[PDB]
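Just so we're on the same page: letters track the sequence lines, and every chain starts at 1. Indexing begins at 1, ligand by ligand and atom by atom, following the structure's order.
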Protein chains: 6
Amino acid sequence: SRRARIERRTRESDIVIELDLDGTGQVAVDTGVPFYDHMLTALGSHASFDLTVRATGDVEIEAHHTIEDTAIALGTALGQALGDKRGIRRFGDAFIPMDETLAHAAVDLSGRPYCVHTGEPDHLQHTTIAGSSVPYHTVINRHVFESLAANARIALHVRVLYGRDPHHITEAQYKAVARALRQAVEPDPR
Amino acid sequence: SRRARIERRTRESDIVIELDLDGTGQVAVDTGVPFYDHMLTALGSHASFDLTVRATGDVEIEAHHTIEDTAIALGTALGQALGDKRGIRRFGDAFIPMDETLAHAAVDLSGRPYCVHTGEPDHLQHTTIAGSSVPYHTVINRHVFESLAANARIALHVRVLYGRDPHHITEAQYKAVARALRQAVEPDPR
Amino acid sequence: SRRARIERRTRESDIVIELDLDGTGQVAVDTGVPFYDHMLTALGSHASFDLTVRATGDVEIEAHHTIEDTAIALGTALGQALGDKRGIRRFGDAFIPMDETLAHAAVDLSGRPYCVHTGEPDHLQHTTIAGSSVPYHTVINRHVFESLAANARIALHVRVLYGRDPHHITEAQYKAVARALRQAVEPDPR
Amino acid sequence: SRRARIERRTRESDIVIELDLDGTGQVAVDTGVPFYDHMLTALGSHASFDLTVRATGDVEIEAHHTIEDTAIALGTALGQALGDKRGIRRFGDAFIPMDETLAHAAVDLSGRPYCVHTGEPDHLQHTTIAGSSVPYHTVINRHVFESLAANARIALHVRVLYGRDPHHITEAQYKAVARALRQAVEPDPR
Amino acid sequence: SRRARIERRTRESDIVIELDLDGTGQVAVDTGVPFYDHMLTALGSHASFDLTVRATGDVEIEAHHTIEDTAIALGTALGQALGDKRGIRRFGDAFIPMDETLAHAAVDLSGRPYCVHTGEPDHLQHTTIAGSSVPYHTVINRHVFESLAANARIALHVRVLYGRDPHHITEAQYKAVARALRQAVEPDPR
Amino acid sequence: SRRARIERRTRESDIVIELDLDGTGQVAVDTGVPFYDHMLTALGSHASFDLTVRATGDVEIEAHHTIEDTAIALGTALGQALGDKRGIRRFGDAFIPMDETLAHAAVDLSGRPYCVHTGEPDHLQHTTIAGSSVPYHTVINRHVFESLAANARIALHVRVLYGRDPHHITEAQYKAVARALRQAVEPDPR
Ligand SMILES: [Mn+2]
Ligand SMILES: [Mn+2]
Ligand SMILES: [Mn+2]
Ligand SMILES: [Mn+2]
Ligand SMILES: [Mn+2]
Ligand SMILES: [Mn+2]
Ligand SMILES: [Mn+2]
Ligand SMILES: [Mn+2]
Ligand SMILES: [Mn+2]
Ligand SMILES: [Mn+2]
Ligand SMILES: [Mn+2]
Ligand SMILES: [Mn+2]
């Protein structure tokens, strides 16, 4: 009923998205950026979507292009699956405690495209989360949320109230967005 | 079941209110202050009330008296329709993103009459929203919320977290109050 | 006994005042500036005067000239009605609470002409109170009180202790002056 | 003529009030909070009311609930005894010197419910007045005045100009309110 | 009924006071300090007392001793004339505008002896008011009020809200005290 | 289904807890610290738990040990009743307006044990709430929330946005925690 398949071929990347709004958290993500995969899996699971993401891009340069193209495509998919947006709650919000971190997200699904991102500590502008593969630079977080909001055509406010660890700060934000979205897309019985 | 009709004749104004708490957003407002009508329509619609407001007053002087008398009457109507307040959720809260603005409202329907209004930028104390008719001075916003809280006998906290445009700041507040109220008045299944 | 009729024809305006100090609050004011009419009605009523004011002036330019000429004429009328000022209380003072606002006025009816106006918030220097007709600029408040004091030949101190809303701040001042005057003009039984 | 009897049974407390506005200072107060009794006796005496207060409540927890319920009931009684408020002075004010302390109160009996409480030193937010029984926390002072104003439906401004001793600061305020009220409720011969 | 005659012989001075509280402003003062005479005449007149003061002292040294002894004696006279203080208003207050100056006094006639003097500009600590005879140093003002309060056994608060001219500041204070006293000593019809 | 009985014998105290998560607000608390009883009753009622608490301890020393042991035991009971935490909402949050106070709590029931307590005014570090029995020191509030979070093994964030009265600040926090918990423990229909 509320599904979408989006294919996006750029020079930098090739993306396929499959999205079902009324899912059970069946998620499979593979972008070539493992930390981003972890974040998108959290997003899909906590939003209770069914989500498949397959992306290959120029990760030799860095993750930026792949991360950005995926967020654009995912936003487009969300917009298409939403459709006319009839009989939904429309507004949603969620607080996410994650150890010392507290994050908040609020959404308006019918409101004009807009993104406000506040409260993130200054060291996240140059922090890197690195494992055995392509690293993730936390400066991209804002870029991801802006891209989603612009392509889904929604109002999205994301706040970090406080926090220290960049893994916790980042993960809390992705989960807050997911749970705000989940509440907003649900049918309203009025 | 939860209805009220209030008539209020003062020297300044004459008001009739009809309110149904368990409505479908059937709203008709005419006060002679078009921007106030827009705000009250948002209130009634987003609260899912059925609301009819008819007001005539001394708008040649300014909107103040009409705006204030209407808010007093509407508060009285809300109080009467609430009744004994049995088996309701009682507490309600809502975040409203509106472009760059974010507003929040929290209510306690059984709590003693109280109003706290914080966060509004300083230029709203002397801003005017003007069209082709009677203008609206945003300094009145606090007055409207205080009057409602006092006459409905409820605790009402309204916060502006941030924002720039006075139309957005004002509208976000009215909508936040509406959605907080909607949540609070709903039957609690416990 | 204590009555006065004053006619004042300038290039800007034409004014007629009728004043009885020992009245019952029978007041009729028409200046072409509705908010000023509201303020002068409050003045006459709360002072327990009988007061008729009829003024036409160059309101196409703005209210300034009409407001100023009326205040000058009203001051002259007050002075004439007071006469020799024999056996009156002479000193009067009053506090006026008006919602969040508190204003104070003190008068000496035999004291030399003087006016001190303090405590008014800075935004009142450029605030406008506007309805469906000629607006009122709150910067004129000081001008009105100075003009009255100068032409009645009295000492008049007006203070705003605190306040927010310009309608409340302005109305509180007019009422404070009225009640200070009422106390001062009353016969002293000593 | 201007009398009221109010009974108020809550879970926390049980209150009976008997109030005559046109009394001779015949006062009998018993709440189980001796310092509060002293304050209410001062109130009734200095206002020239006849006042009987009988209250029992959960003083094992603390005085808060009993003090608050009594103030609510007393406000209700004042409102009822006032009635239509015809031919009264309406405005009243009083300065109370008490050793080093100076307090002031101003009232408008027909003005909309409002309370402003300013000037109290910061140490009164955590000061206790303790004898051989249930103590009194001076932080409650504001709560008492707000409750009275809200339930009597009057404008009440209470200011402490300066002072040091908490017994003097508290007692001065109660007496200032009493004498402001006394002036306001008196018949106006105009 | 309320009269007193006080004789006070010190090494510095010899004083005779005759005071009637229920007078018509029949005042005759001669201390050898002309400006002080002017001030005491204002006091007696505005309080509506009948007052005779005759004082000779060591004015070759300066006015201090004469001014102080007279104030002590006058306080004693006021105390004696007051008597048991039965059926009086007890509390009194007055605002005195004098050109640019505004002064205030509040009294409690049954309250314990106390004097608070605030608001006087700093240049009054070394200002002199000089004519053709013995000059008056405005630093003495506080001393005069303290002495009166201590010997009459009353609470007396004197405030200067603002002002510039030392003659106006001083005279306003003496008149404020007089009118506060007048109100307080009057019979209370309750 | 979701019940727990916990017995805890220390040297300082002896505690018995009985907890049902799926209750109707049937609460009975007796610790020997009346204000704490009031707070725990609010907790149990607003969380819609069925809760029996029986505690005796060394209250002659002070409440600390009894308050702490009870919170530890209650946390343990909550943890046991939660069990595997299958099919619950997991996240919960609530705003509580209480007169001038606004408090907020957010919980993650599966998140690692953590407690963050922010926003409480500084005077609560040395404020006492005292009645006719064992008093309550508000400095303990943080200790209570930390103990609960540690023994239930949950993430608990408690914030005071603003407030003045210590009774209101404290009660608002306990109620916020209760309503956050209520939301989190409820079955999730997804
Ligand atoms: Mn980019
Ligand atoms: Mn992780
Ligand atoms: Mn108003
Ligand atoms: Mn709009
Ligand atoms: Mn001019
Ligand atoms: Mn008005
Ligand atoms: Mn309370
Ligand atoms: Mn005492
Ligand atoms: Mn000396
Ligand atoms: Mn002079
Ligand atoms: Mn401990
Ligand atoms: Mn309580």
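- Aromatic ring orientation, F/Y136 versus F/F35: tilted (interplanar angle from 30° to 60°).
- None of the N, O or S atoms belonging to F/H167 lies under 2.8 Å away from the Mn ion (ligand 7).
- For F/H168 and D/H64, the gap between ring centers is short of 6.0 Å.
- In terms of distance to the Mn ion (ligand 2), the nearest N, O or S atom of A/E171 is named OE1.
- In this structure, F/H38 has its ring center under 6.0 Å from that of F/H167.
- Residues C/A55 and C/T70 come closest through the heavy atom pair CB-OG1, 3.9 Å.
- Near-neighbour remark for the Mn ion (ligand 5): protein N, O or S atoms under 2.8 Å are C/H64 NE2, C/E68 OE1, C/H143 NE2; waters not counted.
- For D/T56 and D/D14, the side-chain atoms include no donor-acceptor pair closer than 3.5 Å.
- Of all N/O/S atoms in A/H38, NE2 sits nearest the Mn ion (ligand 2).
- Centroid-to-centroid, the aromatic rings of A/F95 and F/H157 stay 6.0 Å apart or farther.
- Ion pairing of C/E146 with C/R142 is absent here, as no side-chain N (NZ or NE/NH1/NH2) approaches a carboxylate O to less than 4.0 Å.
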